[PDB]
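Only one chain is given next, in structure tokens, and it is the form deposited in one PDB entry.
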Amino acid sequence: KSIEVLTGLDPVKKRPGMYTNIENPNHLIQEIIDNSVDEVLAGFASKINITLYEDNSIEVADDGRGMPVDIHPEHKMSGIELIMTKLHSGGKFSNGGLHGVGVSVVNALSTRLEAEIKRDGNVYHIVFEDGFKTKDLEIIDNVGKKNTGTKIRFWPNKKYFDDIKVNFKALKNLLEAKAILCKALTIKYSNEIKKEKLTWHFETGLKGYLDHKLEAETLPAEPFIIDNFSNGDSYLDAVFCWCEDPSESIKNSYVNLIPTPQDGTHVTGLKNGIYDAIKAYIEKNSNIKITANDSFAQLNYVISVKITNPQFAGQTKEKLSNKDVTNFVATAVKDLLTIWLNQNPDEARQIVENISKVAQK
């Protein structure tokens, strides 16, 4: 916030590959979904509904507060126009990417985008084409004051994509993943092309996931769960176990339900917390020169943090960089795993034995 930057959308149109995966429009759909997810994580939304239309357009609707419509005093336009028609960025000191850029990317790369916002008992409607407003924000209907949300329908522009056909299977996989990580959320999908509908809602969250993907034998036999740990405003969900069969390896990480394939400060936090717990257990109870690499080598895990202002790093913005996250995760992991290892000496001893054998080479 020391530096705040607003540009037009030309940079996106000129290098779409820097802002999205141009193979198909799935990453655009992910960007709109992540913006609805932010309402869910803020506590104001419970429902995200996705529709794939026969004309290859995509609609995403939520029951959040409704995107802001107030006129920004400086830019003299509604909040929704501002969010949709400008690239917003800032930071501490001067230094695109697939995350942390914003929904204007979707707007830039679409021939048409419509938004309907229900807020304050009004239904607002606005239209854009190729990243510019083409129909003024207007109130088109009224609704109950508590009937709120945002619905965005968009038509990806074939100029920028290898295929404008949505990859159904990849989308369904992404949505399942998000629902597993957020029990407050119910996701619905309607594919009008295939004539199918799915609904996901995981009351039990990550419980049983690793068992399903692996089994194969794991230590602990029941993968260890960290369930909704919080320090106030940051939250951690995780499941992990060791496995000697390397045929299936699950090592997935997320921030605000966004997959982070380049890992980051949460994954380092996990690795450190695990090692701290293992080192302390060995010392408390007893040899070798075990490292954090050794205790992480056969680890399968899912780690999901929810934090307020995620920062992304690397050219592709797929790595979480928030520095305070590492310690938040490491301490929680060390403490909770320590309790578990103390209550589970037979399995704890085998885990320690297997790690010590990894270290042995």
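Note that residue numbering begins at 1 and tracks the sequence as displayed. Basically, rigid core = biggest C-alpha set you can superpose within 1.5 Å across the two forms.
- Gaps at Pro73 occur in none of the other compared entries of the protein that contain both adjacent residues, all of which model it rather than a third dropping it.
- Gaps at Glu203 occur in none of the other compared entries of the protein that contain both adjacent residues, all of which model it rather than a third dropping it.
- A chain break between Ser286 and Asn287 is present, corresponding to 4 to 9 residues of the deposited sequence without coordinates.
- Counting the unmodelled positions of the deposited sequence between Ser247 and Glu248 gives zero.
- Comparing 116-124 with 275-283, the stretch with the higher mean C-alpha B-factor in the PDB entry is 275-283.
- For the segment pair 255-263 and 155-163, the entry gives 155-163 the higher mean B-factor, averaged over Cα atoms.
- Taking the deposited Cα B-factors for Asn49, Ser57, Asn327, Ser46, the highest one is held by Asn327.
- In this entry, the residue among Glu176, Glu81, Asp237, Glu203 with the greatest C-alpha B factor is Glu203.
- When the modelled residues of the chain are ordered by C-alpha B-factor, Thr218 sits in the highest third.
- When all modelled residues of the chain are sorted by CA temperature factor, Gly90 is found within the highest third.
- Sort the modelled residues of the chain by CA B factor and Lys133 lands in the lowest third.
- Split the chain's modelled residues into thirds by C-alpha temperature factor. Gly97 is in the middle one.
- In the deposited entry, the Cα temperature factor of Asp34 sits in the bottom third of values across the chain's modelled residues.
Below: the form deposited in another entry, not depicted.
- No residue in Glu59, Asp63, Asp294, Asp34 other than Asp294 shows a CA shift of 2 angstroms or more between this form and the one not shown after fitting the rigid core.
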